[PDB]
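# Notes for the structure review
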There are 2 protein chains.
Amino acid sequence: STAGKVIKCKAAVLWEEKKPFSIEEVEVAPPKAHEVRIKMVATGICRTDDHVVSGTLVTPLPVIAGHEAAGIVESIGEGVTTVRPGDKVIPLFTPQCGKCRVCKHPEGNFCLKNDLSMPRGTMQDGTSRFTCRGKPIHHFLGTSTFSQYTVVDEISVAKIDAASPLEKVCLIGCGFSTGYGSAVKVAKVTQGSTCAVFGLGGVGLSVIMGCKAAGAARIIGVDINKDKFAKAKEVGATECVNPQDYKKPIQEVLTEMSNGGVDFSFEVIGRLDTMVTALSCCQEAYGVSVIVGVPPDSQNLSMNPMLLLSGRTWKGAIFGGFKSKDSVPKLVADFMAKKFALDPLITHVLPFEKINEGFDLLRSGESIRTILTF
Amino acid sequence: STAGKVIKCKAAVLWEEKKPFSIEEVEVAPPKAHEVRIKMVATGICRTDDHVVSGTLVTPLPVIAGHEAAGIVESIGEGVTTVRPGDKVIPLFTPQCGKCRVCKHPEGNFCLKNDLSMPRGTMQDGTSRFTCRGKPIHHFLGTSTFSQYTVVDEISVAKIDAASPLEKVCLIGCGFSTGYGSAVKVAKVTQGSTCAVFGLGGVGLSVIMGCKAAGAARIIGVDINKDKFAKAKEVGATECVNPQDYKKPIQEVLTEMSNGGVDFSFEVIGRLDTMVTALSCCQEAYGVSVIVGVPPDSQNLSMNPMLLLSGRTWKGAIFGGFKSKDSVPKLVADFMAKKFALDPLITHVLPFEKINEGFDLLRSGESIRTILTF
Ligand SMILES: NC(=O)c1ccc[n+]([C@@H]2O[C@H](COP(=O)([O-])OP(=O)([O-])OC[C@H]3O[C@@H](n4cnc5c(N)[nH+]cnc54)[C@H](O)[C@@H]3O)[C@@H](O)[C@H]2O)c1
Ligand SMILES: NC(=O)c1ccc[n+]([C@@H]2O[C@H](COP(=O)([O-])OP(=O)([O-])OC[C@H]3O[C@@H](n4cnc5c(N)[nH+]cnc54)[C@H](O)[C@@H]3O)[C@@H](O)[C@H]2O)c1
Ligand SMILES: OCc1c(F)c(F)c(F)c(F)c1F
Ligand SMILES: OCc1c(F)c(F)c(F)c(F)c1F
Ligand SMILES: OCc1c(F)c(F)c(F)c(F)c1F
Ligand SMILES: OCc1c(F)c(F)c(F)c(F)c1F
Ligand SMILES: [Zn+2]
Ligand SMILES: [Zn+2]
Ligand SMILES: [Zn+2]
Ligand SMILES: [Zn+2]
């Protein structure tokens, strides 16, 4: 048995920004009290993992990234009550401690134990479970799923259906849930409404899925890469527009197309300019715009607050507004019952060892989600 | 009789920015089709009228300003069905045409016939009813209440209770309804919540009234003028703070006081910096911040969109989100039924002839609302 013992395994270590991941041996300590060690089965490549590489999202290096994943519990530390060895699980990059003021609030999900706002790159106790070449290696969002084995805090893992297909449901750990919840829970898209979705990657496609599920009449996809349009239409876009095709700014185009502004817009890219454009294109008196994309570190946008004074609502969210531990098992159950589809998001599959090729696919524009198998 | 005839009467004409009003004779044309000519009884001095004088708010000059008022219908044009000669009325600076997409929307109030966004300073037909010294004089927001007589479009007037005291209920034309609605309708303040209100003038006091009516447990008033604190407490503030008293930024102070951020914040001043501060002091995952103050013309704010990504909601509104013609008569009826008080807002009552002295009281910090009586 490996329980209580250090595990040597392969992980994808990021030593430096703007460099390939290094697939090499790491030592994974056993779980301490209220920790869970997981044998990973599948992990997706989310653009936020690429943001770590590019320095868009600053987190301490060296690091084991990865946050969209599924696996099987190898062992549990003292006092763990919510999972057992052999359970299928999804790591939760947004924790749910259940005890803080946010966790107790009916509409909050950004648990105060998160490692997103001011990243330390550690476990909850301020230490790391990973060593590589004799050096400590940081965690990422308390999940670090780019490893054959990881250790997470109990508040950062959810037990899921034992019959779940892990190579699909890993997407419920980030991209699907984020986009779908941003539409259905955060924006609260209404039947018959007009939506505009900026960015047609895996998260933006999931936003479209949610807008269609909510009964939107028109769903306008916006992307500078027209190769993204066919899949966007397959999952519910009624029209797609490329800003590069127009002489006028796309907020003006979208306002014209919607006969005075859209009901709901979504920024699903991570650019300051498209955050302001997306706000502007929603109807000035009653429109709602949701920021989903992750902005470049420490940069401020500029905007005219008259856009809000007329009546617009601007908001953002992490993880689609879902309380993570409550929601993830229910989303898996709903997937099992065919309430939504994940296959449209999966364009490529690779072994974990080909992680760098998977990032190349994302960066070239060719993929939506690549799923890596351990 | 005056019906069908030009009326020569007294008005306060603003010939250029940053000068006193000129109190002099104007000619007021009779109402055309779908227009209403009103003998003014009382008008309040709102800070937004001062913004016209100061150039904070750009609108065509020369102008008869004034937008918070009540009077009695003198005559109606062909086709008017909603008011009759002798009726008490409140002019509506935000119209309610009942036909546009905003008027038809359950949550919109910023009717597309408004003259706020891109002010022309005219009647709906693009002409003016006012002349002074042989020159045409612009309207303001389709209201122009700083005159013994005005002409408004039918969509810009509401009939109110014949027994109403016009020297009080004029405040339902702007400041009371704006603040109260910003709390109860736009923010939707909840029972037991903690609110922060930036700016303790007539509008901010009305926000406090609404937060208390909604059952807030804590209402923190924020103003740099500590003379405003006593009245703020009288109408429901539980604490007041002056940013000038602190070594740290007030958003940090308010976050500390509220054990991690407030539920609802309101900017009721009109400064870019306090808009960002007010957003920041609301709880990062579930807080809501409402912009009420009118910012200086054509100036953008700068902010970090991570404030929204964590889960905050940022919105603004005109006139408390109330659909104006539906709401104003009901608010007057509610005042008549003792559901809220207006006297706490009224610090000074002056003849119309003292309009300049009233504006000086506002600018000096001394008054909340001066009511001018014709
Ligand atoms: N809020 C959250 O919880 C959360 C979760 C998951 C992802 N994210 C972020 O969401 C964003 C999208 O992630 P993803 O879907 O994996 O990324 P992605 O697959 O890279 O998709 C982004 C899309 O944006 C398109 N695009 C780039 N620039 C522009 C432009 N100027 N105008 C229009 N389209 C443009 C691009 O072609 C691509 O299809 C990233 O910033 C992620 O970091 C946020
Ligand atoms: N959205 C709307 O429909 C609407 C309606 C009515 C008024 N307004 C605007 O609302 C604002 C308030 O109007 P009002 O109550 O008549 O004005 P007011 O009576 O001048 O009150 C403003 C208050 O802000 C205080 N103040 C000024 N600077 C600061 C500062 N840096 N920090 C903290 N407090 C400060 C000031 O001392 C005063 O008590 C103005 O900008 C109006 O133009 C908007
Ligand atoms: O893709 C999800 C995601 C985010 F939305 C973030 F804001 C963030 F900081 C992060 F690390 C992350 F993984
Ligand atoms: O906070 C403790 C800690 C460190 F000090 C590191 F230098 C490091 F790489 C690490 F992973 C870690 F957890
Ligand atoms: O005080 C109400 C008020 C506003 F909130 C405005 F935004 C505006 F432009 C205006 F002219 C006005 F009178
Ligand atoms: O409304 C028409 C109108 C004008 F066309 C002006 F050029 C002007 F100065 C003015 F005050 C006015 F009211
Ligand atoms: Zn929590
Ligand atoms: Zn992600
Ligand atoms: Zn209208
Ligand atoms: Zn006003």
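Here's what I pulled together on the structure shown here. (Residues numbered from 1 in each chain as written, not as in the entry; some residues may be left out. Chains lettered and ligands numbered in written order. Heavy atoms only, no water.)

Right, let's get into the overall build of chain A. Looking only at helices and strands, one finds eleven helices and 19 strands in chain A. For chain A, the C-alpha radius of gyration of 20 Å lies close to 21 Å, the compact-globule estimate for 374 residues. Dimensions along the principal axes, computed over C-alpha positions, put chain A at roughly 65 × 40 × 35 Å. Across the 374 residues of chain A, 61% fall into the buried class. When the accessible surface of chain A is summed, it comes to about 14,100 Å², and 51% of that surface belongs to carbon and sulfur atoms. (Helix = DSSP H or I, 4+ residues; strand = E, 2+ residues; numbered from the N terminus. Rg over C-alpha atoms; globule rule 2.2 N^0.38 Å. Buried < 20%, exposed > 50% of the residue type's maximum accessible area, 1.4 Å probe, protein only. Areas by Shrake-Rupley, 256 points an atom, 1.4 Å probe, with all protein chains shown as cover.)

Our focus in this paragraph is the nonpolar core. If you look at the biggest cluster of nonpolar residues, it comprises 241 residues, and the most contacted ones within it are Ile172 and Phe266 of chain A together with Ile172 and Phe266 of chain B. Listed in part, the ten residues of the second largest apolar core include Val36, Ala69, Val152 and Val157 of chain A. (Core = buried A, V, L, I, M, F, W, Y, C linked by side-chain atoms within 4.5 Å.)

Moving on: the site of ligand 5. By nearness alone, every residue bordering ligand 5 is listed as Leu309 of chain A together with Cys46, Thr48, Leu57, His67, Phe93, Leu116, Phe140, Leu141, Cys174, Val294 and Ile318 of chain B. One of the side-chain nitrogen or oxygen atoms of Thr48 of chain B is found 2.5 Å away from an oxygen atom of ligand 5. The separation between an oxygen atom of ligand 5 and a polar side-chain atom of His67 of chain B is 3.1 Å. Taken by itself ligand 5 offers 310 Å² of open surface, and the protein chains cover 92% of this. Counted by class, the shell around ligand 5 contains ten nonpolar, two polar and no charged residues. (Near = heavy atom within 4 Å. Polar contact = N/O pair within 3.5 Å; in protein donor to acceptor, adjacent residues only side chain to side chain. Nonpolar A, V, L, I, M, F, W, Y, C, P; charged D, E, K, R; others polar.)

Once that is clear, we can look at the relation of the copies chain B and chain A. Note that the two copies of the chain are related through a rotation about an axis and a translation along the same axis. When chain B is fitted onto chain A, the two copies agree to an RMSD of 0.2 Å after a turn of 180° and an axial shift of 0.1 Å. This pairing of chains is accounted for by a two-fold axis. (Least-squares fit on C-alpha atoms.)

In this section: the pairing of strand β3 (residues 35–44) of chain A. All names here are of chain A. Taken across its ten residues, β3 has eight buried, putting it largely inside the fold. Relative to strand β9 (residues 149–153), β3 runs antiparallel, the two being bridged by five bridges. Residue pairing across strands places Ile38 opposite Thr150, the latter belonging to β9. Note that β3 and strand β5 (residues 69–76) share seven bridges and pair antiparallel. Counterpart to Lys39 in the pairing with β5 is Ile72. (Pairing = 2+ DSSP bridges.)

Next up on the list: the pattern of salt bridges. Enumeration over the complete set of coordinates arrives at 28 salt bridges over all chains. Notably, a salt bridge pairs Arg363 of chain A with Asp50 of chain A, separated by 2.8 Å at the nearest N-O pair. Highlighted residues: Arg363 of chain A in helix α11 (residues 355–363) and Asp50 of chain A in helix α1 (residues 47–54), separated in sequence by 313 residues. Taking relative accessible area as the criterion, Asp50 of chain A reaches 7% and is therefore assigned buried. Residues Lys330 of chain A and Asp334 of chain A are paired through a salt bridge, measuring 2.9 Å at the closest nitrogen-oxygen approach. Linking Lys330 of chain A with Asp334 of chain A, this pair stays in helix α10 (residues 324–336), spanning four residues, or about one helical turn. If you follow the salt bridges from partner to partner, you end up with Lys32, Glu35, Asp125 and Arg129 of chain B in one network. (Salt bridge = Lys/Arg side-chain N within 4 Å of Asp/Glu carboxyl O.)

According to the stated counting rule, one finds 21 aromatic pairs over all chains in the structure shown. On the numbers, 5.8 Å between centres and 90° between planes, the contact of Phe146 of chain B with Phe359 of chain B is edge-to-face. With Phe146 of chain B in the loop between β8 (135–137) and β9 (149–153) and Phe359 of chain B in helix α11 (residues 355–364), this residue pair connects regions lying 213 residues apart in the sequence. You'll find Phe146 of chain B and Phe359 of chain B in the same group, each marked buried. Through a chain of ring-to-ring contacts, three or more aromatic side chains come together here, namely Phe176, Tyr180, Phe335 and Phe340 of chain A. (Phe/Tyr/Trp six-rings, centres within 6.5 Å; stacked < 30°, edge-to-face > 60°.)

Further remarks concern the site of ligand 1. Residues and elements named next belong to chain A. Neighbouring residues of ligand 1: 27 residues in total, closest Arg47, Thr48, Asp223, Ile269 and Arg369. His51 places a polar side-chain atom, nitrogen or oxygen, 3.1 Å from an oxygen atom of ligand 1. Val294 has a polar backbone atom sitting 3.1 Å from an oxygen atom of ligand 1. Look at ligand 1: alone it shows 860 Å² of surface, and the protein chains cover 90% of it. No other element matches the three residues that α1 contributes to the shell around ligand 1. Class assignment for the residues of the shell around ligand 1 results in 13 nonpolar, nine polar and five charged. Counting contributing residues, the shell around ligand 1 receives three or more from each of domain 1 (1–178 + 318–374) and domain 2 (179–317). (Domains from an automatic or database assignment.)

Residue and element names in this part refer to chain A. Distances from the zinc ion (ligand 8) to its protein donors, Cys46 (SG), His67 (NE2) and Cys174 (SG), fall within 2.0 to 2.4 Å. Given four donor atoms and angles of 101 to 122° at the metal, the environment of the zinc ion (ligand 8) is assigned as tetrahedral. Look at where the donors of the zinc ion (ligand 8) fall in the sequence and you get C-x20-H-x106-C. With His67 in the loop between β4 (63–64) and β5 and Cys174 in the loop between α3 (166–169) and α4 (175–187), this pair connects stretches of sequence that are 107 residues apart. Like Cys174, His67 is buried. (Donors = N, O, S within 2.8 Å, 3.2 Å for Na, K, Ca; no water. Tetrahedral: all angles 85-135°; square planar, octahedral: opposite > 155°, others 65-115°.)

So, on to the interface of chain B and chain A. Contact residues are listed per partner, giving 41 residues for chain B and 43 residues for chain A. Across the chain B/chain A interface, buried area totals approximately 3,300 Å², and carbon plus sulfur atoms make up 59% of it. For chain B, the biggest contributors to the area lost against chain A are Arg101, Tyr286 and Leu309 of chain B; these three give 22% of the whole. One can count zero salt bridges joining chain B with chain A. (Contact = heavy atoms within 4.5 Å. Buried area = accessible area lost by both parts, 1.4 Å probe.)

A separate point is the coordination of the zinc ion (ligand 10). Residues and elements named next belong to chain B. Coordination of the zinc ion (ligand 10) by the protein involves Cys46 (SG), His67 (NE2) and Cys174 (SG), with metal-donor separations of 2.1 to 2.3 Å. Geometry at the zinc ion (ligand 10) is tetrahedral, judged from its four donor atoms and the angles of 101 to 122° they form at the metal. Residue classification places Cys46 among the buried positions, given a relative accessible area of 3%. Here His67 falls in the buried class, since its relative accessible area comes to 2%.

All names here are of chain A. Its place among the elements puts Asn242 in the loop between β13 (239–241) and α7 (250–257). By relative accessible area, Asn242 is classed as buried at 7%. Only 2.9 Å separates the side chain of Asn242 from the backbone nitrogen of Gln244, close enough to count as a polar contact. Filtering out sequence-adjacent residues up to four positions away, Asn242 remains in contact with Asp223, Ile224 and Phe229.

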